[PDB]
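K.L.:
Would you mind keeping the following structure in view while I ask a few things?
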Number of protein chains: 2
Amino acid sequence: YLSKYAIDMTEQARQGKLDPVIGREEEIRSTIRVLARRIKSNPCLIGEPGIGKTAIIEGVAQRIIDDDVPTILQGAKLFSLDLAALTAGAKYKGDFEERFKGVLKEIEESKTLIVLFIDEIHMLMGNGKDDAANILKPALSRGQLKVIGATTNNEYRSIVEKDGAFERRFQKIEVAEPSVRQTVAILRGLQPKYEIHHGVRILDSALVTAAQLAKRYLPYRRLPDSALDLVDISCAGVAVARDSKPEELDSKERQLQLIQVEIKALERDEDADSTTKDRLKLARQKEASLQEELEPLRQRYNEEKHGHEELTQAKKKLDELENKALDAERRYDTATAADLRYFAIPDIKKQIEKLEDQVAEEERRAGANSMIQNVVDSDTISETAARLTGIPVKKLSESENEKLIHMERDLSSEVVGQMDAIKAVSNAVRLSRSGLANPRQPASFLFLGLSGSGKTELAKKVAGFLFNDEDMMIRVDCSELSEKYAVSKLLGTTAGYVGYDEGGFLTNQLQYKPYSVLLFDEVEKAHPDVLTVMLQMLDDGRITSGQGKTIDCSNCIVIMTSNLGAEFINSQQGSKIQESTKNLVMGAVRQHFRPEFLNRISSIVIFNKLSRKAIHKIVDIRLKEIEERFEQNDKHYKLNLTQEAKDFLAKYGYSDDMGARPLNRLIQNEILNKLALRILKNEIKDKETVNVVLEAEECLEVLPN
Amino acid sequence: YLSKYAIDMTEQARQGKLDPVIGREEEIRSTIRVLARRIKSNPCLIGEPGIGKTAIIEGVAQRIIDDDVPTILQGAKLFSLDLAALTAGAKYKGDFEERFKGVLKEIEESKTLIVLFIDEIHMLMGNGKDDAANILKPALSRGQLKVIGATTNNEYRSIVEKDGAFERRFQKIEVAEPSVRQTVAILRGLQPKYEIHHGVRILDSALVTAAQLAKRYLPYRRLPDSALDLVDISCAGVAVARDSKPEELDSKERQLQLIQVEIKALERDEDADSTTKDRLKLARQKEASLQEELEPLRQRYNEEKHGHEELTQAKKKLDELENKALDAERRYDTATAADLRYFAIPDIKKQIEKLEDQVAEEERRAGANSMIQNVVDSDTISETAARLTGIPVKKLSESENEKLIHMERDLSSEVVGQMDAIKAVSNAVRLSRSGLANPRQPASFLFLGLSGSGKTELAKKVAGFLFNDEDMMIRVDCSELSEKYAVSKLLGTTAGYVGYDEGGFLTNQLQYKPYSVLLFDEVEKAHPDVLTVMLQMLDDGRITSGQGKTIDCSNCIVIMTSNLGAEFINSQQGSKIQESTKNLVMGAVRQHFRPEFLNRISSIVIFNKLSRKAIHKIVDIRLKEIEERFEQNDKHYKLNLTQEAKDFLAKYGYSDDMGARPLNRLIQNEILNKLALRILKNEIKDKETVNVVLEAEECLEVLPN
Ligand SMILES: Nc1ncnc2c1ncn2[C@@H]1O[C@H](COP(=O)(O)OP(=O)(O)O)[C@@H](O)[C@H]1O
Ligand SMILES: Nc1ncnc2c1ncn2[C@@H]1O[C@H](COP(=O)(O)OP(=O)(O)O)[C@@H](O)[C@H]1O
Ligand SMILES: Nc1ncnc2c1ncn2[C@@H]1O[C@H](COP(=O)(O)OP(=O)(O)O)[C@@H](O)[C@H]1O
Ligand SMILES: Nc1ncnc2c1ncn2[C@@H]1O[C@H](COP(=O)(O)OP(=O)(O)O)[C@@H](O)[C@H]1O
């Protein structure tokens, strides 16, 4: 029977068993217009699967119930036919086929216009036709059977390369991820569902931050989903908080126990006549005192709890009344709609407001009540995210804009000098955003000046501030870009060719890190073909993967690096790269890259010869970096390098061969080895001081012990 | 019929029998949070076999027991439904299905929210899915039918990838292995259960050491359970060792009984009256003397045992009274709580205090009388470990610091030559072990140098030293790691391809050895991709399979050997390698590997030519080794190596083309073979100790008689 597994979605939705659908109307209308088409009556939802898409289909079911359809579809009924219909519904080979033909024939059989839909449209045609109604359904569609399908970009793209008839039969509609703003409106629409689900209110701001954070920190998941995860999760987290009632009750009740236990113990003994044991009477006074606290505590918890329960039920009833009104209105049973629309629905609205007054959010806190409700925009959602993303509130709390005026400073704290570079970079980061640059034109730079200048480290630190994650960066070995430029290429292995490794670095990492910075290590050595795909990446960087052939590029900040101007930089005797010298570098830039590439870069930036005066500061930054993390602070050298270690390190550090790079071999192989030893030998146990105990570099720093 | 189909975990918790665990409170709150979630309502505990998933859920049930569960779930009941419930009832296809549906109907209607727990998600779906719940279950989710699942990280990924359905209703909860510290706390929590079962009290420090030992020596076993395995096993060890009541007694009772029988046999005999047999009277004095010691041992053990059992029961009873009293207080039934708190509880608590005082404890032991059977923290655990892992004495003598302190010395006593290297390596290891180094990256170094000169032998000795086991090393033939790198790459084959020994050579061995030494033989010849893969999982040692399973052995010391510097080694510029020849080598290193590789290695060693000075001595050392290897006391040669053997061997030994390598052959070819001949003659009973007496290499040793 069709009744097995096929779900009458219009009946389901009619019964109020369908969530309201918000902000999809254009896609829904498109779907309906397709169903209306006399020939190509079969729409298909395409795009990114985390977006769900199904709500659109369900939106159609709702339109059918309410008949907000073209009337040629007035008699339509919409059914969900999927998975279990062919899988759980089958025991032996061939049952699969019968579930199709059996049901589908019943679908044709007389009972008005039936539209079916399959959310995994890909289940049909299997992985290579096998008549998983691959032919049958089309045959049946000749016989009216209108079908709504849903798929993914990966799926139909493979389908049309194996078939193509599907495409000829289907009107693909891509489902767009809603903007955060749209998402919030959506969340508001769904807000009472979640409030009901958990017995909590949700701060409107929380709806906002859920969308913002879902988007900002969990972008790998499509926003409608991710946002709702923050909502239902955070709401549940609050529901868990709503069961913290016992923490106060048990504190007092456990104290009653200790007292009740002592009272009998105290009641009879050799010393019963002494004030030592007669304290029993005081124990009873304390047992009573705790009861005095427990009475208003328990009463408060229950009064407030009831206010939340009543609020919740009022919201449930408002929604049930509206569901019924909507049914009655299309039925033209407006008298019964009136029973809901007049007085009842608005009265419940007013009951809800009064019940929120019982919840009593007050100037004292987010709910005067002890239930703890009101998902908090900041702390609740943020911590929810912390549970999902990790990293502390700083990550989760920013004005954003402010980074331009703080991050450039903090960056100068992380790396020494290069302030002009820092400003240039910082500027593109916040200004490309606030400047509303084409969103597919993320900040991008070419980092010139030489290795050892920290230009790379800057970018790393920038990732730090941009994403609260230095390891957000995607590094690309551009020197490993020979004529083969295959898997390692931004595109990776071409679809259908051997090797499923695609987008060597780019897909492979952006798919996990959509918000990221990418860095091209010695980009100057890249094969021109790569430089060409990079050109694309630098502007409208819509890079298509090797196998999937999908694109996901936006906030993909790009830093390219080179030692391209080295002779010019070597010539420079000062710090700030001199005029003309910089032009010599530009000459070389133009030799290596075409203007069409270069013009896409937010800025070409040449890093300065920071020299001694800078490394003199770098050594403190590095030194404290090491100790600041350490393990646990049960040590703490004064970190008093003094000019001895600072300068010996600088001399042993800032080599023109690699600038400051040796610094991180220094320390390690000069003192850290000793720290470990002296500490593990139990010579050194806490604190300590830094100084130098005086062949090349033979003093080797050597700290006090 | 549910009781046929599943175990009421919650009721069992009411009945106890579910040992409580700690350290999973967040997992539990999360489980609950998910269960509270109304959309993705079903949690899964994902981790490792033995990760904690079972107890976590039983802990969840405990939250139900004590009303620490939100109103949504508060009245819920938890059942364990698995294996027997899934397949034992199968006689034909159909039991599972009807049994399954039966359950779902019973847990859904009327009888609150009965929640199911699937202990093994593996059993769901299974090999081919077969609607083993997985299809109808979520289809039926409209009935809530709340369920908790659990599996491993690896299996989890494969089921999600195959599914895309339960995924949409479930919330993954990752379960971390508890730290050693956490584990110990847990061990303490369960210690009584062991002490109770076994009749073996255990010194607290045992638990401390057990967790340490478990992590350290029971490679693939997880702490919350494997530590217990050491406990359970060692408890049993003691339980067995004590045999007849405590240790000491058993052995003396065995003497007593052997004596008792002898005496009685002597008492009635042909010559019983002769001093030949009448000596039984003195044997009787021994029987009696033993009896006089044995009785106190028995009595101390037994009376204390009685107290031990009384403590066992008293503590159980204490918990029962509090559990019931809590039920009473959460219901506000102060009368019942009082009945279970006044007298009830003072009685049990005082029994416990009195009993513990009667048992009493000493600094030497957690039981002043006998019910400890002299169990000793590390000694008895270590011996347990020795039985499980071997190397008794060095496992006993395992101080981290005795090693770290003398590390380079001890290593130099085994390895002779570039002691500087030994120091360098030692230091790197110290940094790693000390946590001074970034804890994600174990020490590792490039290892160049003259062949046949102990480069890998050092690694063996390091492994020896660090693990008390030369077998701890894993070796990699890097030259075979051409572009082909597949089953042979660390990750192994990409899952989905034929063959699942995915880096078995690498990853699985690494799995078996989570603390280890790994050496790359001719790392310079590895394909750049391989080097990259290694590098990426070299620092931040996230060893990961083709299925995405990470071993993460941040504890592996890695050696990256090659012949890269051979052209400079061949310069023969001294024994200790002349400075600047080393620079040329390092130049070559810098050119043979991308600097990024070199940016992560912790160090580099280029082994010195030993010259005649050292090899003349080294050979003597291996001759010692040969004897050390020998199985019995009929050798123990000094071997008259005088100078002549050292010279013979040196002359025909230390070649630039193979170094000391062929010395085992010289020794074998001439020494062992000549010994074999004489041994064969069997005219040798001990010592041997012979010298060199004589075309090519004419001395040929040739040993005397
Ligand atoms: N504006 C919205 N209003 C209601 N639901 C929405 C809205 N936007 C997205 N959704 C739905 O939330 C659900 C998340 O996807 P879901 O349907 O659960 O997964 P899938 O369709 O892949 O099985 C989808 O139906 C999605 O369409
Ligand atoms: N605080 C700092 N300011 C500027 N540079 C720094 C700072 N700390 C470290 N560095 C240097 O930045 C460099 C990062 O490497 P990089 O310059 O890109 O060299 P390479 O291109 O050889 O990898 C290192 O030389 C590192 O020491
Ligand atoms: N002390 C403990 N801490 C946490 N879990 C424990 C402890 N003792 C036993 N267990 C549980 O037993 C399980 C291992 O045994 P078992 O219950 O059969 O489950 P598993 O399938 O994981 O092996 C662990 O998952 C763990 O939950
Ligand atoms: N001082 C030494 N200590 C230990 N082994 C040494 C020493 N000198 C030479 N050798 C020998 O080098 C041989 C193996 O040399 P090694 O360089 O590690 O191997 P390979 O050349 O096979 O890579 C061993 O027989 C080892 O004893």
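Residue numbering for chain B follows Swiss-Prot, covering 166-859, 872-882 in order.
This entry, so its header tells us, was determined using electron microscopy, 5.6 Å.
In case you wondered, yes, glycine gets a Cβ from its N, Cα and C as well.
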K.L.:
In Swiss-Prot, which of these is labelled phosphoserine: B:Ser206, B:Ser647, B:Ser719, B:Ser727?
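P.N.:
The candidate carrying the phosphoserine note in Swiss-Prot is B:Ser206.
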K.L.:
For the record in Swiss-Prot, which of the ranges B:331-347, B:484-500, B:739-755, B:773-789 is the motif 'Nuclear localization signal' one?
P.N.:
B:773-789
K.L.:
Among B:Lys451, B:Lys482, B:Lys620, which is annotated ubiquitin cross-link in Swiss-Prot?
P.N.:
B:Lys620
K.L.:
Pick from B:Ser535, B:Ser597, B:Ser820: which one does Swiss-Prot list as phosphoserine?
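P.N.:
Comparing B:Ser535, B:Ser597, B:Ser820 with the record, Swiss-Prot tags B:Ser535 as phosphoserine.
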K.L.:
So one of B:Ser306, B:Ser323, B:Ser736 should carry the feature phosphoserine according to Swiss-Prot; which one?
P.N.:
B:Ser306
K.L.:
Out of B:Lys442, B:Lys560, B:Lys800, which residue gets the ubiquitin cross-link annotation in Swiss-Prot?
P.N.:
B:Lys442
K.L.:
Within 8 Å of the Cβ centre of B:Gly614, B:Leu615, B:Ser616, B:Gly617, B:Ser618, B:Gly619, B:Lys620, B:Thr621, which other residues of the chain have their Cβ, at the recorded ATP 2 site?
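P.N.:
These residues sit around the ATP 2 site: B:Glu622, B:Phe772, B:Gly824, B:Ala825.
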K.L.:
Near the ATP 1 site, what residues other than B:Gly212, B:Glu213, B:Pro214, B:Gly215, B:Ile216, B:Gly217, B:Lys218, B:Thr219 in the same chain have a C-beta no further than 8 Å from the centroid of the listed C-beta atoms?
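P.N.:
Surrounding the site, in chain order, are B:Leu210, B:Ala315, B:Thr317, B:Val340, B:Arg387, B:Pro389, B:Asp390.
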K.L.:
Suppose we screen the recorded positions B:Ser206, B:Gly212, B:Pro214, B:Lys218, B:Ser535, B:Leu615 by Cβ distance to ligand 4 with a cut-off under 6 Å; which survive, in sequence order?
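P.N.:
Qualifying residues: none.
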K.L.:
Which recorded positions from the set B:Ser206, B:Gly212, B:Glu213, B:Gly217, B:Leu615, B:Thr621 come near ligand 3, judged by a Cβ under 6 Å from any of its atoms?
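P.N.:
Result: B:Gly217.
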K.L.:
With Cβ-Cβ distance below 8 Å and at least 6 positions apart along the chain, what are the contacts of B:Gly215 (ATP 1 binding site)? List them in sequence order.
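P.N.:
Listed in sequence order: B:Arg386, B:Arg387, B:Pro389, B:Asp390, B:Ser391.
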K.L.:
What's the number of neighbouring CB atoms sitting within 10 A of the CB on B:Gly217 (ATP 1 binding site)?
P.N.:
25
K.L.:
Could you list the residues of the same chain, at least six apart in sequence, whose Cβ is under 8 A from the Cβ of B:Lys620 (ATP 2 binding site)?
P.N.:
B:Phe612, B:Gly614, B:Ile724, B:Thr726, B:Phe772
K.L.:
What is the number of other Cβ atoms found within 10 Å of the Cβ of B:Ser306 (phosphoserine)?
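P.N.:
Taking all protein chains shown, B:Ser306 (phosphoserine) has 17 Cβ neighbours within 10 Å.
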K.L.:
In Å, rounded, how far does the Cα of B:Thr499 (phosphothreonine) sit from the Cα of B:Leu615 (ATP 2 binding site)?
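P.N.:
Between the Cα atoms of B:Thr499 (phosphothreonine) and B:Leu615 (ATP 2 binding site), the distance comes to 83 Å.
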K.L.:
Quick one: Cα separation, B:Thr219 (ATP 1 binding site) versus B:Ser206 (phosphoserine), in Å?
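P.N.:
The separation of the Cα atoms works out to 19 Å.
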K.L.:
Tell me the coarse DSSP state (helix, strand, coil) of B:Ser618 (ATP 2 binding site).
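P.N.:
Reduced to three states, the DSSP call for B:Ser618 (ATP 2 binding site) is coil.
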